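Protein chains in written order, with the authors' numbering: chain A, 1 to 96; chain B, 1 to 96; chain C, 654 to 981; chain F, 650 to 981; chain E, 436 to 592, 617 to 634, 641 to 653.
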C-alpha cells in the first residue's frame with residue numbers, strides 16, 4: 001500500500017498520448033500532466049514501468065523525463081492548493 | 001524546514017511566462033513546468049503564495065491548478081525515476 | 654466501501670469499480686485501494702466484477718434490508734499459496750486447553766463489559782443493584798467453569814439478565830424483552846441487528862487480511878451464517894452497538910416514524926429502516942468507530958489484537974493474547 | 650443431499666419463482682428444481698443470476714461455487730454451514746494421501762480402470778477386429794500385471810507401455826491426410842496431437858474445478874508427484890475418463906466436421922514453426938466436446954458424476970477403508 | 436577515462452562480466468564462415484558443427500535446441516569460440532542500450548536501465564513453467580528450448620535476445642562531493 005505521484009513532459013504530443021491514455025486508468029488526472037496513483041503490491045509498479053519502457057522504446061526518443069514521487073500519510077497532511085484546499089486525501093470508509 | 005514541489009498548468013501565454021520567471025529563483029527548474037522549493041519558516045511560504053496570486057490576477061481567467069506537494073525525508077528516500085536513480089535528494093555536508 | 658443506500662448497481666472496468674444508480678455514476682474507486690465491501694439492501698453485482706474481486710481476494714459481505722446476515726463471497730486459496738498459517742490455526746483451534754483458556758477469557762471480558770455498561774446509569778441505580786450483583790455471581794462462576802460446553806449456557810444467562818433491564822431506559826414505544834435474531838420483529842432489535850453486521854464485517858476483513866481463515870472458531874462451535882472466528886472476537890466490542898442504540902433512541906435522532914413494516918415472501922411482520930435512516934445510522938456508527946480511544950481507531954486496534962492472537966497461537970501460549978476488558 | 654446443478658454451457662439465465670429455481674436458455678426452460686432438492690450450484694463461465702434468486706439461495710444455505718470460463722476455481726457465495734465443508738476435511742486428506750497401503754490400493758484401481766477403458770474403446774470398432782485381436786490380447790496381458798505391482802515406478806512403466814500399444818493403431822482409423830506416426834511434440838506438427846491437446850486441457854480444467862468444489866486440496870495427489878504448475882489430484886482422477894476425448898476426436902475427423910482447410914500453418918512470436926486450429930474451428934470443437942460432456946448419461950451429467958465420485962473418495966478416506974471407493978470402469 | 440566517458444553517455448549501471456551468459460545467442464554459420472576465411476577450407480569444420488548441435492537425453496526426454504543457434508555449455512571449445520566472435524553482438528547491444536569495455540583478456544558490461552532484463556527473465560520463467568506443465572499433462576516427449584538451459588534442472592527437480624535473460628538473472632550495481646542526507650536544521 002503506497003501512494004505515488006506521476007509526472008512527465010514528453011516532447012511529441014502523439015508519443016505522450018499513449019502515456020496519458022495508459023495512465024488514465026491507474027489514477028485520476030489531477031492536473032494537465034500529473035497523476036495520483038495508488039499501489040498495493042510492487043509487482044504492479046514493475047509492470048507499469050515495463051509498459052512505460054515499451055512506449056518510450058516506441059517513441060525512439062529515450063525520454064527519462066518521467067518522475068515518480070511518494071505521498072505518505074502525513075506528507076498528505078501538509079499538502080494543499082493555493083486557496084488552502086487539502087488535496088490527495090484518500091477516504092477511510094465511504095458510506096455511499 | 002519544509003520541502004515542497006510546485007506544479008502548475010496555466011494556459012495564458014504570458015501569465016505562464018511570468019510564473020516561470022518568478023519561481024526559478026527559489027528552486028531549480030527540475031522539470032519543464034515543475035519546480036522544487038524549500039522553506040524554513042511558513043511566513044516565507046506565504047510571501048511566495050502572495051507573489052503567485054499577484055501574478056495570476058493579470059490572467060483575467062482565474063486559473064487555479066497550482067499544487068504544492070509536500071516531501072518528507074523517507075518520502076524522498078523511497079522516490080525514484082524508472083532507471084532507479086534516487087531523486088529530490090539533498091546533501092548533508094558539501095565539502096566543496 | 655459500504656453500500657447501505659438504495660438500489661445501487663456495481664459494475665467493473667477491469668481496473669476500477671463503478672457504482673451506477675439509474676445510469677448515474679456515483680463512484681469509480683480503484684481496485685488498488687479497496688479493502689472490503691458490504692452490501693446491505695438490494696444491491697446488484699455483475700459477474701465479471703465477482704471474478705475481479707475473487708482474483709484480488711477482496712471480501713464482500715451480503716445482508717438484507719431488515720439487517721440480518723446472509724453470507725459472504727470468499728475464496729479458499731491462501732494469500733501466496735502458503736498454507737502454513739491456515740494449517741497452524743486449524744490445528745490449534747481444536748486443542749482443548751488452549752481453546753478453553755481463550756474462550757474463558759472472551760466470556761469473562763463480555764460479562765465484565767456488560768456489568769460496566771449497566772453501571773454508568775446513575776439515576777436508575779436503585780433499580781439496577783440486584784441485577785448487577787447477580788451478574789457478579791455469574792462472573793464468579795466463569796472462572797470455575799472447567800469444560801467448554803458450560804460457557805455457552807453461562808453467557809446466555811448473562812445476556813438474558815442484561816437485556817431484560819433495557820426496558821427501564823428506553824421509551825415505551827421501543828420496549829422489548831427478548832433478542833429476536835433471525836426475523837427481527839421489534840423496533841429496537843433492528844438497530845442492534847444492523848450494527849452487528851457492520852461490526853462483524855470490519856473485524857472479518859481485518860482478520861482475513863491478517864492471514865487467518867475466519868470460518869473456524871474457538872468459542873463459537875455451531876453458528877448460523879456468521880463466520881465463527883469474527884463473531885468470536887467481536888464479543889468484547891459489542892457494547893459499542895448496545896450503547897449507540899440507546900443514545901440514538903433517547904436523544905431523538907431516530908423516532909418511530911422511520912420504521913417501515915411489511916410482510917415478506919410468505920407473510921411475516923418485518924420491521925425495517927428506510928434508506929435515509931439506514932444511511933444516517935450506519936454513518937454515525939462508523940464515525941463512532943473512528944473516534945475510538947485516542948491515538949488509535951478501531952481498525953488499528955483490531956489489527957493489533959489479531960497480531961497478538963497470531964503470536965499467541967504460533968508460540969502455543971494462551972497468555973500472550975489479552976482480551977480488551979474496558980476500563981474499571 | 651439432492652441435485653448438484655452445474656451450468657457449464659453458454660449463457661443461461663437463472664430466475665426464482667420463490668419456491669423453485671428456474672434456469673432458462675433462450676426463454677426455453679432447461680431446469681426447474683425445487684429448493685428442497687437442491688444442494689449446490691456451480692457456475693462455469695458467465696451466467697446472469699437475478700437478485701431474488703441469489704437472496705433466496707443464501708437464505709436457504711445453498712452455496713454458489715463460482716469458476717472462471719477456462720475452469721479455474723475462484724470462490725463461493727456461502728455462509729457458515731455450507732462453508733464448513735470446505736475445510737472440515739483438510740487434515741485427513743494430508744494424512745491419508747501419504748499412507749502407502751491406501752494410496753497404492755487407489756493407484757492400482759485407477760490404472761486398472763484406465764487400461765480397461767482403453768480396451769473397451771477398441772472393442773467398439775467392430776470393423777477392424779481381426780487386426781486388433783493381437784493388440785487386445787496384449788492389453789489384457791499388461792492389465793493383469795497391474796494387480797501385483799507393489800511400487801509406483803512399475804505402475805508408471807505398465808501404463809506407459811499400454812498407452813504406446815494403444816496409440817500405435819490409430820492409423821487404420823484416420824484418413825490419409827491425418828495419419829500421424831511419431832509421439833506427441835510440445836510444439837505440434839500434426840493435427841491429431843492438436844485435437845488431443847485441446848481435449849486434455851478442457852477435461853483437466855473441468856475435473857480440477859469439480860474436485861475443488863467438493864472440498865479437496867488438489868495439489869496433494871495419491872499417485873502423481875506433488876508439484877507446482879499443475880494439480881496432482883485433478884490430473885490423477887481424470888485418467889479414467891480420458892477415452893472420451895480420443896473417441897470424440899476420431900469421430901470428428903471421420904465424419905468431416907473438421908477438414909484440412911481449418912488448420913493454419915504459422916510461426917509464433919518465438920519463431921518456432923507451429924500448426925494450429927482456426928478460431929471458428931476451435932470454437933466449434935470446444936462446443937462439441939462440452940456437448941459430449943453433457944451427454945454422459947441419462948441420469949447424471951459428467952460434472953454431477955465427478956461430484957459423486959469425490960464424495961465417495963471423501964468417505965473412503967474418512968473411514969480408512971481403501972476399497973469403498975469404486976472407480977468408473979465403463980462396464981457395459 | 437573510458438568508464439567515465441560512458442557514464443557521461445548515460446550508462447549508469449554495470450554488470451558482473453561472465454562469458455557464460457553469451458552461450459545461448461551465438462549464430463553458428465557466421466562463426467564457421469569467419470574460421471573458414473581465416474584458416475581456409477577444411478574438412479574439420481563440419482565435424483565442429485556436429486559437436487555443437489547435439490541433443491540432450493534426460494529421463495527419456497529429448498531436449499533439443501533451435502537449429503543454427505547456440506553453443507553448448509560444459510564443452511571445451513565453447514569458451515574459446517564464444518569470445519572469439521563476441522564483437523558481433525555490439526550492434527545488438529547498441530539497440531538495447533548496452534556497451535562492453537574490454538581490457539586484460541576481460542570485459543565489463545554497461546547499461547542505461549534494467550527493465551528489459553527483468554522482462555526477459557520473467558518471460559523465460561513463464562515459458563519454463565508452461566513447458567513443465569505440458570510435460571506433466573500432455574505427455575510430451577521431444578522438447579525444443581530456445582533459451583533457459585541454465586535452469587534445465589527445473590523441469591525435472617515480442618522476442619528479446621537470449622543474453623538479456625541471462626543478464627536479468629543477475630542484480631546489477633552502479634558505478641562538490643556530498644556526504645549524506647540533510648538534517649533538521651540544514652546542510653553544513
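Even for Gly, the Cβ is constructed at its ideal location relative to N, Cα and C.
For residue i, list the residues DSSP reports as bridge partners.
{"i": "residue 883(C)", "result": "The partner list for residue 883(C) (beta bridge, DSSP) is empty, contrary to what the question assumes."}
{"i": "residue 663(C)", "result": "672(C) and 698(C)"}
{"i": "residue 633(E)", "result": "448(E)"}
{"i": "residue 727(F)", "result": "725(C)"}
{"i": "residue 655(C)", "result": "691(C)"}
{"i": "residue 982(F)", "result": "Beyond the ends of chain F as shown, which are 650 and 981, falls residue 982(F); an answer cannot be given."}
{"i": "residue 716(C)", "result": "693(C) and 722(C)"}
With 8 Å set as the bound, which would you pick, yes or no: does the beta-carbon of residue i sit closer than that to a beta-carbon of chain F?
{"i": "residue 550(E)", "result": "no"}
{"i": "residue 882(C)", "result": "no"}
{"i": "residue 963(C)", "result": "no"}
{"i": "residue 697(C)", "result": "yes"}
Along chain F, in chain order, which residues have C-beta atoms closer than 7 Å to that of residue i?
{"i": "residue 492(E)", "result": "Those do not exist, as residue 492(E) stays about 15 Å from chain F at its closest Cβ, beyond 7 Å."}
{"i": "residue 876(C)", "result": "729"}
What residues of chain A sit near residue i, judged by a beta carbon separation below 7 Å?
{"i": "residue 935(C)", "result": "95"}
{"i": "residue 939(C)", "result": "93 and 95"}
Measure from the C-beta of residue i to each C-beta in chain A and report whether the shortest distance is under 8 Å.
{"i": "residue 554(E)", "result": "yes"}
{"i": "residue 680(C)", "result": "yes"}
{"i": "residue 67(B)", "result": "yes"}
Is the Cβ of residue i closer than 8 Å to any Cβ of chain E?
{"i": "residue 92(B)", "result": "yes"}
{"i": "residue 78(A)", "result": "no"}
{"i": "residue 63(A)", "result": "no"}
{"i": "residue 73(B)", "result": "yes"}
{"i": "residue 993(F)", "result": "Not covered by the structure: residue 993(F). The range shown for chain F is 650 to 981."}
Does the beta carbon of residue i sit closer than 8 Å to a beta carbon anywhere in chain B?
{"i": "residue 647(E)", "result": "yes"}
{"i": "residue 628(E)", "result": "no"}
{"i": "residue 38(A)", "result": "no"}
{"i": "residue 32(A)", "result": "yes"}
{"i": "residue 9(A)", "result": "yes"}
Can you list the residues of chain A that residue i reaches, using a CB-CB cut of under 8 Å?
{"i": "residue 55(B)", "result": "Here the premise fails: no neighbours, minimum Cβ distance about 11 Å."}
{"i": "residue 2(B)", "result": "78"}
Strictly below 8 Å CB to CB, what residues from chain E border residue i?
{"i": "residue 860(F)", "result": "Those do not exist, as residue 860(F) stays about 15 Å from chain E at its closest Cβ, beyond 8 Å."}
{"i": "residue 82(B)", "result": "548 and 550"}
{"i": "residue 50(A)", "result": "550, 553 and 554"}
So residue i contacts chain C; which residues on that side make the cut at Cβ distance below 8 Å?
{"i": "residue 44(A)", "result": "685"}
Return no unless some Cβ of chain C is closer than 8 Å to the Cβ of residue i.
{"i": "residue 704(F)", "result": "yes"}
Residue i: beta carbon under 7 Å from a heavy atom of the ligand SAH?
{"i": "residue 673(C)", "result": "Absence of the ligand SAH from the depicted structure is noted, as is the absence of any ligand whatsoever, leaving it without description."}
Could you name the residues of chain B that residue i contacts, counting a contact when the two beta carbons are closer than 7 Å?
{"i": "residue 138(A)", "result": "With chain A covering 1 to 96 only, the question about residue 138(A) has no answer from this structure."}
- Query: In the region 14–25 of chain A, which residues sit with their C-beta less than 7 Å from some C-beta in chain E, listed in chain order?
  - Reply: Cβ contacts with chain E: none found.
- Query: Would you say the region 817–824 of chain F touches the region 560–570 of chain E, given that touching needs at least three Cβ pairs under 8 Å?
  - Reply: Judged by Cβ distances under 8 Å, the region 817–824 of chain F makes no contact with the region 560–570 of chain E, as fewer than three pairs qualify.
- Message: Check whether the region 681–689 of chain F and the region 958–967 of chain F touch, using three or more Cβ-Cβ pairs below 8 Å as the test.
- Response: Taking a cut-off of 8 Å for Cβ pairs, the region 681–689 of chain F and the region 958–967 of chain F do not touch, as fewer than three such pairs fall below it.
- Task: Check each residue of the region 516–533 of chain E: if its Cβ is closer than 7 Å to any Cβ of chain F, include it; give the result in chain order.
- Result: So nothing in the stretch comes that close.
- Closer than 7 Å, Cβ to any Cβ of chain A: which residues of the region 838–851 of chain C, in chain order? Nothing from the region 838–851 of chain C brings a Cβ to less than 7 Å from some Cβ of chain A.
- Query: Counting pairs of beta carbons, one from the region 775–786 of chain C and one from the region 747–767 of chain C, are three or more of them closer than 8 Å?
  - Reply: Counting C-beta pairs closer than 8 Å gives fewer than three between the region 775–786 of chain C and the region 747–767 of chain C, which falls short of the contact rule.
- Task: Mind checking the region 911–933 of chain C against chain H and listing, in chain order, the residues whose C-beta falls within less than 9 Å of any C-beta there?
- Result: Going by chain labels, chain H is absent from the structure shown, which instead holds the protein chains A, B, C, F and E.
- Should the region 50–62 of chain B be regarded as contacting the region 2–17 of chain B, the criterion being three or more beta carbon pairs within less than 8 Å? Yes: the two stretches touch, three or more of their Cβ pairs being nearer than 8 Å.
- Task: Evaluate contact between the region 720–731 of chain C and the region 722–734 of chain F, counting only Cβ atoms and requiring at least three cross-stretch pairs below 8 Å.
- Result: Per the Cβ contact rule, the region 720–731 of chain C is in contact with the region 722–734 of chain F (3 or more Cβ pairs under 8 Å).
- Message: Whether or not the region 880–887 of chain C and the region 855–864 of chain C are in contact is what I'm after, with contact meaning three or more pairs of Cβ atoms, one per stretch, closer than 8 Å; do they touch?
- Response: Pairwise C-beta distances place the region 855–864 of chain C in contact with the region 880–887 of chain C, as three or more of them are shorter than 8 Å.
- Item | Inter-stretch contact (C-beta, 8 Å, three-pair minimum) for the region 651–662 of chain F and the region 883–901 of chain C | Taking 8 Å as the limit for Cβ pairs, the verdict is that the region 883–901 of chain C does not touch the region 651–662 of chain F.
- Can at least three beta-carbon pairs, one atom from the region 527–541 of chain E and one from the region 472–491 of chain E, be found at a separation below 8 Å? Because the criterion of three Cβ pairs below 8 Å is not met, the region 527–541 of chain E and the region 472–491 of chain E do not touch.
- Should the region 749–765 of chain F be called in touch with the region 748–765 of chain C, which here means at least 3 C-beta pairs below 8 Å? No contact exists between the region 749–765 of chain F and the region 748–765 of chain C.
- Query: the region 719–743 of chain C: which residues have C-beta closer than 7 Å to a C-beta of chain F, in chain order?
  - Reply: So the close ones are 723, 724, 725, 726, 727, 728, 729 and 743.
- Query: Is there contact between the region 906–914 of chain C and the region 923–936 of chain C, where contact requires at least three CB pairs shorter than 8 Å?
  - Reply: Below 8 Å, enough C-beta pairs join the region 906–914 of chain C and the region 923–936 of chain C to call them touching: three or more.
- Query: Quick check: the region 834–852 of chain C against the region 708–723 of chain C, are there 3 or more CB pairs under 8 Å?
  - Reply: Result yes; three or more Cβ-Cβ pairs closer than 8 Å.
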